[PDB]
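[1] 3D, please:
(2 chains, ligands or ions: 4)
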Number of protein chains: 2
Amino acid sequence: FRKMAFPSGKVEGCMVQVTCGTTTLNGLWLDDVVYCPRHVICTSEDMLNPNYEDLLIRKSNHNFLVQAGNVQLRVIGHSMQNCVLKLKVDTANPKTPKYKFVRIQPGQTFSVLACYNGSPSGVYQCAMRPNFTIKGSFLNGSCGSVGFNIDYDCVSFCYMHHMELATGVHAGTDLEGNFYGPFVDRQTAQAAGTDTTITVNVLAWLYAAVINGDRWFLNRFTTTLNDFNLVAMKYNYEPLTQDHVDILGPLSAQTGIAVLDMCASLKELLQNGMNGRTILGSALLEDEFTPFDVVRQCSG
Amino acid sequence: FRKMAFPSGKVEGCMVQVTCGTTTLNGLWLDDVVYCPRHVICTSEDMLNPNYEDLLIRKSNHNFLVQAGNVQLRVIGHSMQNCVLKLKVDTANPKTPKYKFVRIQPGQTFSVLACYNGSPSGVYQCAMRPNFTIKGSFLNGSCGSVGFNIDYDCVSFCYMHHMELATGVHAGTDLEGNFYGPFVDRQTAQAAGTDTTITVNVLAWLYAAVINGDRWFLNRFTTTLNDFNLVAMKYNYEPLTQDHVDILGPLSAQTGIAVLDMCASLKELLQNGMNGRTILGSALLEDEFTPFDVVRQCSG
Ligand SMILES: *[C@H](O)[C@H](CC(C)C)NC(=O)[C@H](CC(C)C)NC(=O)[C@H](CC(C)C)NC(=O)OCc1ccccc1
Ligand SMILES: *[C@H](O)[C@H](CC(C)C)NC(=O)[C@H](CC(C)C)NC(=O)[C@H](CC(C)C)NC(=O)OCc1ccccc1
Ligand SMILES: [Mg+2]
Ligand SMILES: [Mg+2]
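    Residues are numbered from 1 along each chain as shown, chains lettered A, B, ... in the order given. Ligands and ions are numbered 1, 2, ... in the order given. Here you go, the structure:
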C-alpha cells in the first residue's frame, strides 16, 4: 500500500509559462484560455497590500507573455475571475483533455503536478485539510501548479496553488479563483486555525491494513457512534457520521469487520498509542487516503 | 517535503497490452520493440515449474496479441532475453521518448507507473531495497509495469515488475531481463534475506528536515565514521563510507551541519528512539529519499 498519484500525462500537456513584468509562474492552458494566479501582476512591493483591480487596469494584453514550451501564445483578451487571471489566447490547446472544474470538499484527495517555469517537476498525492490548507512541496515559481483527479478519460481540476502560509503549509483556489478557506492573496500573516484528523480516512486506511494482512490492532471491543465521537473530540478527530459509515461499506464488507468494531480498535489506538508497533509501515495514523482511494488501489 | 514521483506522461505513451493465451499483462512499446515479462507465456500450471525455452518454442508470432489502446500491433518477431520477452512489431511507437536502459544500484529510487491491461493506474516513488526487493502496490495484471527516472527529456528505464514474493514485497528485472537480487520467475517460495536501512538516505532526509525548519533532533555531540558504523551494524543500517559523505556535500554545505555531526544526531535517534516526537511529519526514520532526491526537491 503506497500513496499513489494519478498519471500526470494529460495535465503535463496543459502547462504553460506566464510572465508579466519580472514575475513568472505556471499557467493552465485549456481550449483557448490560460488560467493562472492573479498575483502574477504584482511586484514584490505590490504583494504586501495589492489592489488587484487597480493593478490589473495598468496591464494590457501585450504585457502578458505566455509560452507553451518554446512557442509563444498571442494574448487577445484578459479577465479577472476572483483570484484567477484568464488570458484568452489565439490558439486552442491541441492537447486539451476532457476536463471539468470542480470544488472539492475538505478531506478529499487529489494529485498535484508541481511545475516550475511551465515545466513539470513531479507529481504527488495531497489531501485538502479540514482547515483548507495543503501540506505540499512548493518552491518559488510553483504558483499555478494545479491539483486534479482523473475519472477514466476526464480530468477534474480542483486546485491551483497560490501561496505558502508557513513552512510546509500551502493555500490555493479552485479553478474559478475562489480560495479554499479564509485566505487572501496578500503577503500579510494569516491564521489557518486548528486542523483536525480526517476520521473516515483513518478508518479506510485501517481497512487497507487489514486487506494487506496487517491486523495486530484489531481488538475484542466494539463501541457506538456517540461513544466514539466523544473519543474523537478529545483527540481532534472529525465526528463520524452515518454518511461516513456508508462510504466505508465496501471495506467493511470486504473484510468482514463492522465499522463500529473498527472504531473501537481506533479508539484504543488513540488512548493507548501504538506502543512502538507499525501499521502498513507507518508509526502514526494516516489520514490522507479516502475510502475511494483505498478501494481504487485495491481494485486496479 | 513530499515523496514525489516523476511526471509520468512520457511513459504513459509507451504502455501497451500483451496477451498470450488467457494471460494478459503490460508491455513497454519503444521503437518497434515491445518488452514484457516472459511469464506471459505461462499457464497457471506452468508457473509452478516453467521450462521457458520449451514453453516459448510452442509459441509463434501470431500467438502474441499486442494492443496499443484500441489499435492492434502486428507481431513480426519474438525473442527471449533473460527473463524478458521482446516482441518485434511492424510499427515504431510514434510517442517513443528519448530513453536509456539502466541497471540501478540498491538504495537508489525510481518512479513506478502502475498499469493494468496496458492502461495507467497510478504513479508512485520507490526505492530498490538493499535486498533487491521493492515495497509497492501491485495487483494481478500489473506485471510489466515499469520503473524509471527522468533526466530532462530522457527516460532511464530501470525496472520491470515480475512478481510478488510475499505480502507487499515485489521483485523484478532491469529492461534486459536480469532480475534484481537472487529471484527467479517461478511460483516457488523464495527468500529475500535480511534487509537493511539505507543510511545515506536517512541522513539526506534529516538534512531535508533541517532545511524545512525541523531541527529538534540536532544534538551537542559529534562522532566518527567507525564509531557510527558500530552503531549502524547493531541497528542493521548500512555502513557509511566517504563516498556517502561526499554525496551529502550539497546538504551539509547548505545547512552548515557536518555529516559526522548529523551522524551523532542519528546515533542518538537510534539508541533513544524518537520519544513520541515527529520528523517532517513522520514517526520513523525515512530511507527512501536519496541525497539527489532531496537536492532535487529543494532545487525545483
Ligand atoms: C508563487 O509562485 C509563489 C510560491 C511561494 C512558495 C513563494 N507564491 C507567491 O508569490 C505569493 C504571492 C502573494 C501575493 C500571495 N506569496 C507567498 O506565497 C508568500 C510566501 C511566504 C514565504 C512569504 N506567503 C504569504 O504571503 O502568506 C502570508 C504570510 C505573510 C507574512 C508572513 C507569513 C505568511
Ligand atoms: C503479473 O501480473 C503477476 C502480478 C502478481 C502480483 C500476481 N505476477 C505473476 O503472475 C507471477 C508469475 C510467476 C511465474 C513469476 N507470479 C507471482 O507474482 C506470484 C504471486 C503470489 C501471490 C503467488 N508470486 C510468486 O510466485 O513468488 C514466489 C512464491 C511462491 C509460493 C509462495 C510465496 C511466494
Ligand atoms: Mg493570486
Ligand atoms: Mg517473467
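
[2] CA only for contacts and neighbour counts going forward, please
    Will do.

[3] residues from chain A in reach of chain B?
    A:1-10, A:12, A:113, A:116, A:120-124, A:136-137, A:139, A:167-168, A:212-213, A:282-284, A:297-300 (C-alpha under 8 Å from any C-alpha of the partner chain).

[4] Considering only those, which also neighbour ligand 3?
    When the residues of chain A next to chain B are checked against ligand 3 using C-alpha under 5 Å from the ion, none falls in range.

[5] ok, which stretches of chain A are strands?
    A:15-20, A:23-30, A:33-37, A:65-68, A:71-73, A:75-81, A:84-89, A:98-101, A:109-116, A:119-127, A:146-151, A:154-166, A:169-173 (DSSP state E).

[6] Mean neighbour count and distance to residue B:103 added to those, as TSV?
    Shown next, in TSV, are the strands of chain A (neighbours: other C-alpha atoms under 10 Å in any protein chain shown; distance: least, C-alpha to C-alpha, whole Å):
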stretch	mean neighbour count	distance to residue B:103
strand A:15-20	24	32
strand A:23-30	25	35
strand A:33-37	27	40
strand A:65-68	20	34
strand A:71-73	14	36
strand A:75-81	17	46
strand A:84-89	23	45
strand A:98-101	15	37
strand A:109-116	27	27
strand A:119-127	23	22
strand A:146-151	22	32
strand A:154-166	22	34
strand A:169-173	24	37
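
[7] Out of the residues of chain A next to chain B, name the ones that lie in helices.
    A:9, A:10, A:12, A:297 (DSSP state H).

[8] For ligand 1, which of the strands of chain A is the nearest?
    Shortest distance between ligand 1 and these, using C-alpha to the nearest ligand atom, is found for strand A:154-166: 3.2 Å.

[9] which other residues reach that closest one?
    Strand A:154-166 is contacted from outside by A:10-11, A:36-37, A:97-104, A:110, A:138, A:142-150, A:170-175, A:185, A:189-190, using C-alpha atoms under 8 Å, 6 or more residues apart in numbering or on different chains.

[10] Which members of these additionally contact ligand 1?
    Restricting those to those within reach of ligand 1 (C-alpha under 6 Å from any ligand atom) leaves A:138, A:142, A:143, A:185, A:189, A:190.

[11] buried subset of the residues you listed?
    A:138, A:142, A:143, A:185 (16 or more other C-alpha atoms under 10 Å in any protein chain shown).

[12] tell me which of these is nearest to ligand 4?
    Proximity of these to ligand 4 (C-alpha to the ion) peaks at residue A:138, which lies at 39.8 Å.

[13] Dump the buried ones among the ones next to ligand 1 among the contacts of strand A:154-166 to a markdown table, plus distance to residue A:271.
    Formatted as a markdown table, those follow (distance: C-alpha to C-alpha, whole Å):
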| residue | distance to residue A:271 |
| --- | --- |
| A:138 | 35 |
| A:142 | 40 |
| A:143 | 40 |
| A:185 | 40 |
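
[14] separation between the one residue in chain A that gets nearest to ligand 2 and residue B:139?
    Minimum separation of chain A from ligand 2 (C-alpha to the nearest ligand atom) falls at residue A:300, amounting to 11.2 Å. Distance from residue A:300 to residue B:139, counting by C-alpha to C-alpha, to the nearest Å: 7 Å.

[15] So the two - more neighbours on which side?
    Neighbours per residue (other C-alpha atoms under 10 Å in any protein chain shown) separate residue A:300 from residue B:139, with residue A:300 holding more: 19 against 16.

[16] The more buried one against residue B:116, yeah?
    Yes: Residue A:300 lies in contact with residue B:116 (C-alpha atoms under 8 Å); the separation is 6.7 Å.

[17] Can you work out which residues contact both of the two?
    With C-alpha under 8 Å, 6+ apart as the test, residue A:300 and residue B:116 reach no residue in common.

[18] Quick one: neighbours of residue A:199, just the number.
    Around residue A:199 there are 25 residues (other C-alpha under 10 Å).

[19] sorry, back to before: narrow the residues of chain A next to chain B to just the buried residues.
    For these, buried by 16+ other C-alpha under 10 Å: A:1-10, A:12, A:113, A:116, A:120-124, A:136-137, A:139, A:168, A:283-284, A:297-298, A:300.

[20] quick one: furthest residue from the center of chain A?
    residue A:220 (36.7 Å; C-alpha atoms, centre = their mean).

[21] I figured residue A:233 was touching residue A:239, is that so?
    Yes: counting by C-alpha under 8 Å, residue A:233 does reach residue A:239; the two are 7.1 Å apart.

[22] about what we covered before: which residues touch the residue of chain A closest to ligand 2?
    B:116, B:121, B:139.

[23] now swap in residue A:74 and tell me
    A:66, A:89, A:90, A:91.
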